[PDB]
There are 2 protein chains.
Amino acid sequence: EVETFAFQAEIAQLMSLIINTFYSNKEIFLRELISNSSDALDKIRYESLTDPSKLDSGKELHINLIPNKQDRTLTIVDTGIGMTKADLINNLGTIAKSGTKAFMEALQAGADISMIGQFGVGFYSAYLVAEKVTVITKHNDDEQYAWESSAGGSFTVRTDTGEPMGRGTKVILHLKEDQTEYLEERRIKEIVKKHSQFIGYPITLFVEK
Amino acid sequence: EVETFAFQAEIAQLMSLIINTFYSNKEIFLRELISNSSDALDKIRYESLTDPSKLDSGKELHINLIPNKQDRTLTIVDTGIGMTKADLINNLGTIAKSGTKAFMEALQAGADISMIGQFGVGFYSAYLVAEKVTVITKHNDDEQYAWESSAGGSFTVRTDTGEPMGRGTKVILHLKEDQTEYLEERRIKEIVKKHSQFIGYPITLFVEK
Ligand SMILES: CC(C)c1cc(-c2n[nH]c(=O)n2-c2ccc3c(ccn3C)c2)c(O)cc1O
Ligand SMILES: CC(C)c1cc(-c2n[nH]c(=O)n2-c2ccc3c(ccn3C)c2)c(O)cc1O
Ligand SMILES: [Mg+2]
């Protein structure tokens, strides 16, 4: 079964702002997702200091970047703590209602779209480049779930009974037709170096066949 | 009773690096602490969406900056989620062993001390300016505790039975004698504007009598 939900009104506003504001510095989406993965990795790392069994679902803490030119998708995989079904539905674990409001007030006072991550809602910058986003996630305390949205005010959640991930989150960006530069190896490397050079976990850029 | 602990060896190394490396851009300490407070505020905000009683210990989410020229202290107060005694002792809730190692490897590959927060250990940059740091914290699930360290490889934890804080964390920096500029109103404002201008919670700079 696929369940369909409406975004809270503030998030629907934020998504529409991101989709419809003219803003050419779109590459910041990657740093925001990589920063989310690092946070999730910190979370499982910290919990595992008190309970080492929480790593039975996989001991390696890393981030993988997977371009696919045939599907026109960019996928960011991490082996972080993942999210429960309730986390997914509660705006992907973000404080999105209050962060959106503070963010949009900051935009009126001189802030820039690239500061979206300082308000806890950097995930939604995926819609700078993507027409649709899928989040597949597995938390130790729950089953594997897939969240999906093409904006337009709604999102879906379903169980993901295919290939298990052990533990972690996979964000699949279905890129807009004019944003395929973010599938290019040289472009991804350039962005990682500029905005995410020194982070606490290995980043592996997959190459294509 | 005051209990005395030894830092793990990696943290003692990191603290010694921060204290003994020549590095003039010391003002970044404030952004790191303010960023920690914002994270803790995000935490209580997110938990309160599922359980509004978690705000019975105080509903306002903010950050206060308190200089005191007579005591030569700078204090950052937030009403975030706070920390338990175990969190305090487990390196202040940080992943400090693994973050320190990754950080110091990053320092060898071109990173700079100001990137300390990208490795989850920004708190320890307090020792750029402070000879001693006190952390007084109150989490909903525990009693009020005071953590303290003047570096030198050890720290103390005691109960703090004086003035309750409801919920949150107070970081008291006892400034080094040559670092009193960070008590000046114009200096604090300048630093907040440069590094922490757009964040999701109000920052109030206290003035002095
Ligand atoms: C939100 C997006 C979809 C996302 C989430 C997680 C994730 N897995 N487990 C977690 O706790 N997180 C996480 C981490 C940071 C976050 C939130 C919410 C707000 N911030 C700042 C959630 C991830 O690893 C990658 C991601 O791109
Ligand atoms: C660590 C210092 C002392 C500190 C902690 C908390 C705090 N209270 N409750 C929390 O969870 N945190 C917190 C927040 C962020 C953190 C950690 C550890 C690593 N990062 C990145 C801890 C605070 O509000 C202010 C602070 O300066
Ligand atoms: Mg952060």
# chains A, B, ... in the order shown; residues from 1 in each chain; ligands from 1
>>> select_by_dssp(residues="region 71-148 of chain A", states="strand (DSSP E or B)", output="ChimeraX atom specification")
/A:73-78,130-138,145-148
>>> residues_around(residues="region 107-118 of chain A", least_positions_apart="4", cutoff="8 Å", atoms="only C-alpha atoms", output="ChimeraX atom specification")
/A:18,23,25,28,32,103,122-123,125 /B:198-200
>>> atom_distance(atom1="CA of residue 33 (chain B)", atom2="atom 16 (C, counted along the ligand's line) of ligand 2")
8.8 Å
>>> residues_near_ligand(ligand="ligand 2", cutoff="6 Å", atoms="only C-alpha atoms and all ligand atoms", output="list in words")
residues 33, 36, 37, 39, 40, 78, 80, 81, 82, 83, 92, 93, 94, 120, 123, 169 and 171 of chain B
>>> write_last_selection(atoms="N, CA and C atoms", output="PDB file, in the first residue's frame")
ATOM      1  N   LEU B  33      29.875  27.500  19.760  1.00  0.00           N
ATOM      2  CA  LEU B  33      28.961  27.365  20.886  1.00  0.00           C
ATOM      3  C   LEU B  33      27.533  27.737  20.499  1.00  0.00           C
ATOM      4  N   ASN B  36      26.101  24.925  18.679  1.00  0.00           N
ATOM      5  CA  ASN B  36      25.704  23.846  19.579  1.00  0.00           C
ATOM      6  C   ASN B  36      24.358  24.149  20.230  1.00  0.00           C
ATOM      7  N   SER B  37      24.160  25.387  20.689  1.00  0.00           N
ATOM      8  CA  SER B  37      22.888  25.745  21.310  1.00  0.00           C
ATOM      9  C   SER B  37      21.732  25.589  20.331  1.00  0.00           C
ATOM     10  N   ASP B  39      21.541  23.552  17.748  1.00  0.00           N
ATOM     11  CA  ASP B  39      21.281  22.113  17.652  1.00  0.00           C
ATOM     12  C   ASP B  39      20.460  21.600  18.839  1.00  0.00           C
ATOM     13  N   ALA B  40      20.820  22.002  20.060  1.00  0.00           N
ATOM     14  CA  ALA B  40      20.085  21.526  21.228  1.00  0.00           C
ATOM     15  C   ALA B  40      18.653  22.050  21.230  1.00  0.00           C
ATOM     16  N   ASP B  78      21.376  28.524  26.720  1.00  0.00           N
ATOM     17  CA  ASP B  78      20.253  28.155  25.865  1.00  0.00           C
ATOM     18  C   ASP B  78      19.246  27.348  26.668  1.00  0.00           C
ATOM     19  N   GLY B  80      17.766  24.643  25.364  1.00  0.00           N
ATOM     20  CA  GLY B  80      17.673  23.452  24.547  1.00  0.00           C
ATOM     21  C   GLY B  80      17.401  22.221  25.388  1.00  0.00           C
ATOM     22  N   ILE B  81      17.615  21.056  24.775  1.00  0.00           N
ATOM     23  CA  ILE B  81      17.236  19.800  25.411  1.00  0.00           C
ATOM     24  C   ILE B  81      18.127  19.424  26.588  1.00  0.00           C
ATOM     25  N   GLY B  82      19.286  20.053  26.739  1.00  0.00           N
ATOM     26  CA  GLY B  82      20.159  19.759  27.867  1.00  0.00           C
ATOM     27  C   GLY B  82      20.841  18.412  27.693  1.00  0.00           C
ATOM     28  N   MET B  83      21.581  18.005  28.721  1.00  0.00           N
ATOM     29  CA  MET B  83      22.275  16.723  28.685  1.00  0.00           C
ATOM     30  C   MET B  83      22.174  16.011  30.029  1.00  0.00           C
ATOM     31  N   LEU B  92      30.636  15.248  26.566  1.00  0.00           N
ATOM     32  CA  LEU B  92      29.656  16.318  26.346  1.00  0.00           C
ATOM     33  C   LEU B  92      28.686  15.982  25.205  1.00  0.00           C
ATOM     34  N   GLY B  93      28.332  14.707  25.044  1.00  0.00           N
ATOM     35  CA  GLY B  93      27.445  14.312  23.971  1.00  0.00           C
ATOM     36  C   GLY B  93      28.062  14.266  22.580  1.00  0.00           C
ATOM     37  N   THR B  94      29.361  14.559  22.436  1.00  0.00           N
ATOM     38  CA  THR B  94      30.044  14.545  21.146  1.00  0.00           C
ATOM     39  C   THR B  94      30.612  13.155  20.841  1.00  0.00           C
ATOM     40  N   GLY B 120      32.481  17.719  14.584  1.00  0.00           N
ATOM     41  CA  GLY B 120      31.640  17.439  15.724  1.00  0.00           C
ATOM     42  C   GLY B 120      32.229  17.801  17.066  1.00  0.00           C
ATOM     43  N   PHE B 123      32.944  22.365  20.383  1.00  0.00           N
ATOM     44  CA  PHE B 123      32.894  22.821  21.773  1.00  0.00           C
ATOM     45  C   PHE B 123      34.278  23.151  22.307  1.00  0.00           C
ATOM     46  N   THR B 169      21.248  24.417  28.818  1.00  0.00           N
ATOM     47  CA  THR B 169      22.675  24.351  29.074  1.00  0.00           C
ATOM     48  C   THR B 169      23.242  25.758  29.195  1.00  0.00           C
ATOM     49  N   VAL B 171      27.038  27.518  29.329  1.00  0.00           N
ATOM     50  CA  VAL B 171      28.482  27.373  29.160  1.00  0.00           C
ATOM     51  C   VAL B 171      29.142  28.647  29.667  1.00  0.00           C
TER      52      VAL B 171
END
>>> atom_distance(atom1="CA of residue 74 (chain B)", atom2="CA of residue 7 (chain B)")
23.7 Å
>>> closest_residue(among="B:208, B:10, B:177, B:47", to="chain A", atoms="only C-alpha atoms")
B:47
>>> residues_around(residues="residue 174 (chain A)", least_positions_apart="3", cutoff="12 Å", atoms="only C-alpha atoms", output="ChimeraX atom specification")
/A:67-76,126-135,148-150,171,177-180,182-183
>>> write_last_selection(atoms="N, CA, C and O atoms", output="short mmCIF file (atom, residue, chain, number, x, y, z; two decimals), in the first residue's frame")
data_model
loop_
_atom_site.label_atom_id
_atom_site.label_comp_id
_atom_site.auth_asym_id
_atom_site.auth_seq_id
_atom_site.Cartn_x
_atom_site.Cartn_y
_atom_site.Cartn_z
N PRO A 67 26.00 8.72 -9.44
CA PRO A 67 25.32 9.25 -10.62
C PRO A 67 24.90 8.13 -11.55
O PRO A 67 25.54 7.08 -11.63
N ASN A 68 23.80 8.35 -12.26
CA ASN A 68 23.33 7.40 -13.27
C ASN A 68 22.77 8.20 -14.44
O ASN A 68 21.63 8.69 -14.37
N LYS A 69 23.55 8.28 -15.52
CA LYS A 69 23.16 9.11 -16.65
C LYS A 69 21.99 8.52 -17.42
O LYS A 69 21.18 9.27 -17.98
N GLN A 70 21.86 7.18 -17.45
CA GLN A 70 20.74 6.54 -18.14
C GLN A 70 19.41 6.83 -17.46
O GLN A 70 18.42 7.15 -18.13
N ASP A 71 19.35 6.73 -16.13
CA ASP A 71 18.12 7.07 -15.40
C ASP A 71 17.99 8.55 -15.11
O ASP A 71 16.95 8.97 -14.59
N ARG A 72 19.03 9.33 -15.39
CA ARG A 72 19.11 10.74 -15.00
C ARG A 72 18.84 10.93 -13.50
O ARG A 72 18.09 11.81 -13.08
N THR A 73 19.49 10.10 -12.67
CA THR A 73 19.38 10.22 -11.23
C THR A 73 20.75 10.42 -10.59
O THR A 73 21.76 9.88 -11.05
N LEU A 74 20.76 11.19 -9.50
CA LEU A 74 21.88 11.27 -8.58
C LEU A 74 21.41 10.76 -7.23
O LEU A 74 20.37 11.20 -6.73
N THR A 75 22.16 9.82 -6.66
CA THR A 75 21.78 9.18 -5.41
C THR A 75 22.89 9.36 -4.39
O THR A 75 24.07 9.13 -4.68
N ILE A 76 22.51 9.80 -3.19
CA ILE A 76 23.41 9.93 -2.05
C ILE A 76 22.99 8.87 -1.05
O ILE A 76 21.84 8.88 -0.58
N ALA A 126 17.08 20.04 -2.41
CA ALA A 126 17.08 19.04 -3.48
C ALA A 126 16.21 19.47 -4.65
O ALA A 126 16.48 19.12 -5.81
N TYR A 127 15.14 20.21 -4.36
CA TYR A 127 14.22 20.65 -5.39
C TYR A 127 14.78 21.81 -6.21
O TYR A 127 14.13 22.23 -7.18
N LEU A 128 15.98 22.31 -5.89
CA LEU A 128 16.67 23.20 -6.82
C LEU A 128 17.00 22.48 -8.12
O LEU A 128 16.93 23.07 -9.21
N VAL A 129 17.33 21.19 -8.05
CA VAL A 129 17.79 20.46 -9.22
C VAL A 129 16.88 19.31 -9.61
O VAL A 129 16.93 18.86 -10.76
N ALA A 130 16.05 18.81 -8.70
CA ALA A 130 15.32 17.57 -8.89
C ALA A 130 13.85 17.85 -9.11
O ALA A 130 13.27 18.69 -8.42
N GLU A 131 13.24 17.14 -10.06
CA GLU A 131 11.80 17.19 -10.24
C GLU A 131 11.07 16.23 -9.30
O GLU A 131 9.88 16.44 -9.02
N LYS A 132 11.74 15.19 -8.82
CA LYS A 132 11.17 14.23 -7.90
C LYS A 132 12.29 13.71 -7.02
O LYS A 132 13.43 13.57 -7.47
N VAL A 133 11.97 13.44 -5.75
CA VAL A 133 12.93 12.93 -4.79
C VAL A 133 12.33 11.71 -4.12
O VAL A 133 11.16 11.74 -3.70
N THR A 134 13.12 10.64 -4.03
CA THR A 134 12.79 9.44 -3.26
C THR A 134 13.77 9.31 -2.10
O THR A 134 14.98 9.47 -2.29
N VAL A 135 13.25 9.04 -0.91
CA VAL A 135 14.08 8.77 0.27
C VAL A 135 13.76 7.36 0.72
O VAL A 135 12.63 7.08 1.14
N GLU A 148 8.45 9.67 -1.02
CA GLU A 148 8.58 10.21 -2.37
C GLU A 148 7.72 11.44 -2.55
O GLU A 148 6.62 11.51 -2.02
N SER A 149 8.23 12.41 -3.32
CA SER A 149 7.44 13.60 -3.63
C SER A 149 7.98 14.28 -4.87
O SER A 149 9.19 14.41 -5.05
N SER A 150 7.05 14.72 -5.72
CA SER A 150 7.36 15.61 -6.83
C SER A 150 6.87 17.02 -6.54
O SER A 150 6.54 17.77 -7.47
N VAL A 171 18.97 8.86 -0.73
CA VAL A 171 18.22 9.95 -1.34
C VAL A 171 18.45 9.90 -2.84
O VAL A 171 19.58 10.03 -3.31
N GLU A 177 15.59 18.22 -16.46
CA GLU A 177 16.25 17.98 -17.74
C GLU A 177 17.45 18.91 -17.96
O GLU A 177 18.44 18.51 -18.57
N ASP A 178 17.38 20.14 -17.47
CA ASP A 178 18.47 21.10 -17.63
C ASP A 178 19.50 21.06 -16.50
O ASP A 178 20.35 21.95 -16.42
N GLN A 179 19.46 20.03 -15.65
CA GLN A 179 20.37 19.96 -14.51
C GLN A 179 21.24 18.71 -14.55
O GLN A 179 21.70 18.24 -13.51
N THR A 180 21.49 18.16 -15.75
CA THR A 180 22.28 16.93 -15.86
C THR A 180 23.77 17.15 -15.63
O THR A 180 24.51 16.16 -15.54
N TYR A 182 25.02 17.74 -12.94
CA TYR A 182 25.27 17.14 -11.63
C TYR A 182 25.37 15.63 -11.69
O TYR A 182 25.47 14.98 -10.64
N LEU A 183 25.37 15.07 -12.90
CA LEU A 183 25.72 13.68 -13.15
C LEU A 183 27.17 13.53 -13.59
O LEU A 183 27.67 12.40 -13.65
#
>>> residues_around(residues="region 185-197 of chain A", least_positions_apart="3", cutoff="7 Å", atoms="only C-alpha atoms", output="count of residues only")
4
>>> closest_atom_pairs(of="chain B", to="ligand 1", cutoff="12 Å", atoms="only C-alpha atoms and all ligand atoms", output="Markdown table")
| residue | atom | partner | partner_atom_place_in_ligand_line | distance |
| --- | --- | --- | --- | --- |
| B:38 | CA | ligand 1 | 21 (C) | 11.4 |
| B:39 | CA | ligand 1 | 21 (C) | 9.0 |
| B:40 | CA | ligand 1 | 21 (C) | 11.9 |
| B:42 | CA | ligand 1 | 19 (C) | 9.0 |
| B:43 | CA | ligand 1 | 19 (C) | 9.9 |
| B:45 | CA | ligand 1 | 19 (C) | 11.8 |
| B:46 | CA | ligand 1 | 18 (C) | 9.4 |
>>> write_last_selection(atoms="N, CA, C and O atoms", output="PDB file, in the first residue's frame")
ATOM      1  N   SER B  38      21.920  26.036  19.091  1.00  0.00           N
ATOM      2  CA  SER B  38      20.872  25.891  18.093  1.00  0.00           C
ATOM      3  C   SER B  38      20.526  24.419  17.862  1.00  0.00           C
ATOM      4  O   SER B  38      19.346  24.052  17.820  1.00  0.00           O
ATOM      5  N   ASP B  39      21.541  23.552  17.748  1.00  0.00           N
ATOM      6  CA  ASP B  39      21.281  22.113  17.652  1.00  0.00           C
ATOM      7  C   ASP B  39      20.460  21.600  18.839  1.00  0.00           C
ATOM      8  O   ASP B  39      19.513  20.825  18.662  1.00  0.00           O
ATOM      9  N   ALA B  40      20.820  22.002  20.060  1.00  0.00           N
ATOM     10  CA  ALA B  40      20.085  21.526  21.228  1.00  0.00           C
ATOM     11  C   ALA B  40      18.653  22.050  21.230  1.00  0.00           C
ATOM     12  O   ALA B  40      17.729  21.356  21.673  1.00  0.00           O
ATOM     13  N   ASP B  42      16.946  22.772  18.421  1.00  0.00           N
ATOM     14  CA  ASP B  42      16.272  21.932  17.438  1.00  0.00           C
ATOM     15  C   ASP B  42      15.828  20.618  18.070  1.00  0.00           C
ATOM     16  O   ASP B  42      14.720  20.132  17.802  1.00  0.00           O
ATOM     17  N   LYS B  43      16.670  20.040  18.934  1.00  0.00           N
ATOM     18  CA  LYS B  43      16.351  18.735  19.511  1.00  0.00           C
ATOM     19  C   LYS B  43      15.091  18.803  20.369  1.00  0.00           C
ATOM     20  O   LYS B  43      14.200  17.959  20.240  1.00  0.00           O
ATOM     21  N   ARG B  45      12.773  21.138  20.319  1.00  0.00           N
ATOM     22  CA  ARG B  45      11.673  21.484  19.426  1.00  0.00           C
ATOM     23  C   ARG B  45      11.116  20.247  18.716  1.00  0.00           C
ATOM     24  O   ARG B  45       9.898  20.047  18.668  1.00  0.00           O
ATOM     25  N   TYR B  46      11.994  19.397  18.169  1.00  0.00           N
ATOM     26  CA  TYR B  46      11.507  18.225  17.442  1.00  0.00           C
ATOM     27  C   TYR B  46      10.819  17.229  18.366  1.00  0.00           C
ATOM     28  O   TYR B  46       9.776  16.672  18.012  1.00  0.00           O
TER      29      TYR B  46
END
>>> select_by_dssp(residues="chain B", states="helix (DSSP H, G or I)", output="PyMOL selection string")
chain B and resi 9-20+28-50+52-55+85-89+91-93+96-108+113-119+122-128+177-183+185-195
>>> closest_residue(among="A:205, A:124, A:104, A:86", to="residue 151 (chain A)", atoms="only C-alpha atoms")
A:124
>>> atom_distance(atom1="CA of residue 99 (chain B)", atom2="CA of residue 121 (chain B)")
6.5 Å
>>> closest_residue(among="A:90, A:142, A:155, A:170", to="chain B", atoms="only C-alpha atoms")
A:90
>>> closest_residue(among="B:29, B:22, B:5, B:119", to="ligand 3", atoms="only C-alpha atoms and all ligand atoms")
B:119
>>> decode(residues="region 122-135 of chain A", atoms="N, CA, C and O atoms", output="compact mmCIF listing (two decimals), in the first residue's frame")
# COMPACT_ATOMS: atom_id res chain seq x y z
N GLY A 122 17.61 22.13 5.07
CA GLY A 122 18.42 22.05 3.86
C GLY A 122 17.98 20.95 2.90
O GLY A 122 18.19 21.07 1.69
N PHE A 123 17.35 19.89 3.41
CA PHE A 123 16.93 18.78 2.56
C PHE A 123 16.14 19.27 1.35
O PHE A 123 16.33 18.78 0.24
N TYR A 124 15.26 20.25 1.56
CA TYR A 124 14.35 20.71 0.51
C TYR A 124 15.07 21.45 -0.61
O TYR A 124 14.45 21.71 -1.64
N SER A 125 16.35 21.78 -0.44
CA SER A 125 17.10 22.34 -1.56
C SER A 125 17.34 21.33 -2.66
O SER A 125 17.81 21.72 -3.74
N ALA A 126 17.08 20.04 -2.41
CA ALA A 126 17.08 19.04 -3.48
C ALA A 126 16.21 19.47 -4.65
O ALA A 126 16.48 19.12 -5.81
N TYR A 127 15.14 20.21 -4.36
CA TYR A 127 14.22 20.65 -5.39
C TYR A 127 14.78 21.81 -6.21
O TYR A 127 14.13 22.23 -7.18
N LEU A 128 15.98 22.31 -5.89
CA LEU A 128 16.67 23.20 -6.82
C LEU A 128 17.00 22.48 -8.12
O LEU A 128 16.93 23.07 -9.21
N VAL A 129 17.33 21.19 -8.05
CA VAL A 129 17.79 20.46 -9.22
C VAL A 129 16.88 19.31 -9.61
O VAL A 129 16.93 18.86 -10.76
N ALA A 130 16.05 18.81 -8.70
CA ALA A 130 15.32 17.57 -8.89
C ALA A 130 13.85 17.85 -9.11
O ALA A 130 13.27 18.69 -8.42
N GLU A 131 13.24 17.14 -10.06
CA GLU A 131 11.80 17.19 -10.24
C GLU A 131 11.07 16.23 -9.30
O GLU A 131 9.88 16.44 -9.02
N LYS A 132 11.74 15.19 -8.82
CA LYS A 132 11.17 14.23 -7.90
C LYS A 132 12.29 13.71 -7.02
O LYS A 132 13.43 13.57 -7.47
N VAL A 133 11.97 13.44 -5.75
CA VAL A 133 12.93 12.93 -4.79
C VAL A 133 12.33 11.71 -4.12
O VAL A 133 11.16 11.74 -3.70
N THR A 134 13.12 10.64 -4.03
CA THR A 134 12.79 9.44 -3.26
C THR A 134 13.77 9.31 -2.10
O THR A 134 14.98 9.47 -2.29
N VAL A 135 13.25 9.04 -0.91
CA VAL A 135 14.08 8.77 0.27
C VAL A 135 13.76 7.36 0.72
O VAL A 135 12.63 7.08 1.14
